[PDB]
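[1] pasting an experimental structure, sequence included:
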Amino acid sequence: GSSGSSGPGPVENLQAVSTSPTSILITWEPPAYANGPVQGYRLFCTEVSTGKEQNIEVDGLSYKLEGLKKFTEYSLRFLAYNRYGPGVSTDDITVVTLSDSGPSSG
């Protein structure tokens, strides 16, 4: 069929951190040692708690995730994919969402 793909390299300046109870600011960049261009970037959000992974298709070099669990160890996975396909994937990004709790006076 279509035997012509090697897979691009792992993006650079990749980092994900939550700034709120349920969020995830993923900031990545275009790789240098990559095979050809980069059609885009694919993200995979997995809920260690349950174990469900949801594939997402974002664009650019910055995406703020929302609709997560207050405080739950989440594991994401970022990688680059071009005409050929998805290349080397990064290490499971573990980022425990913040915790909305402090001033509790009853």
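    Right, received. Where do you want to start? Numbers count the residues shown, from 1 in each chain.
[2] when you work out contacts or count neighbours from here on, use the C-alpha atoms and nothing else.
    OK.
[3] quick one, strands of the protein?
    12-17, 23-29, 40-47, 53-58, 63-66, 73-81, 86-89, 93-96 (DSSP state E).
[4] just tell me which of these ends up closest to residue 5.
    Between residue 5 and these, the shortest gap by CA to CA is with strand 86-89, which sits at 9.2 Å.
[5] roughly how far is the closest one from the heart of the chain?
    13 Å (CA atoms, centre = their mean, to the nearest Å).
[6] adjacent strands (with direction) for that strand?
    Applying DSSP bridges, strand 86-89 is found paired with strand 73-81 (antiparallel).
[7] how about the strands of the chain, which one is nearest residue 102?
    strand 93-96 (17.3 Å).
[8] could you pull out the buried residues of the closest one?
    By 16 or more other CA atoms under 10 Å, the buried positions in strand 93-96 come out as 93, 95-96.
[9] now these as a markdown table including distance to residue 66?
    Formatted as a markdown table, the buried residues of strand 93-96 follow (distance: CA to CA, whole Å):
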| residue | distance to residue 66 |
| --- | --- |
| 93 | 16 |
| 95 | 13 |
| 96 | 13 |
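[10] which of the strands of the chain is buried the deepest?
    Among those, ranked by average contacts under mean count of other CA atoms under 10 Å, first place goes to strand 73-81 (a mean of 21).
[11] got the contact list for that one?
    Applying CA atoms under 8 Å, 6 or more residues apart in numbering, the external contacts of strand 73-81 come out as 7-11, 38-49, 86-97.
[12] residue 63 bridge partners, please.
    Under the criterion used (DSSP bridges), residue 63 bridges to residue 26.
[13] sorry, back to before: how about CSV for the strands of the chain, with distance to residue 103 added?
    Formatted as CSV, the strands of the chain follow (distance: least, CA to CA, whole Å):
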stretch, distance to residue 103
strand 12-17, 24
strand 23-29, 21
strand 40-47, 28
strand 53-58, 34
strand 63-66, 24
strand 73-81, 23
strand 86-89, 41
strand 93-96, 21
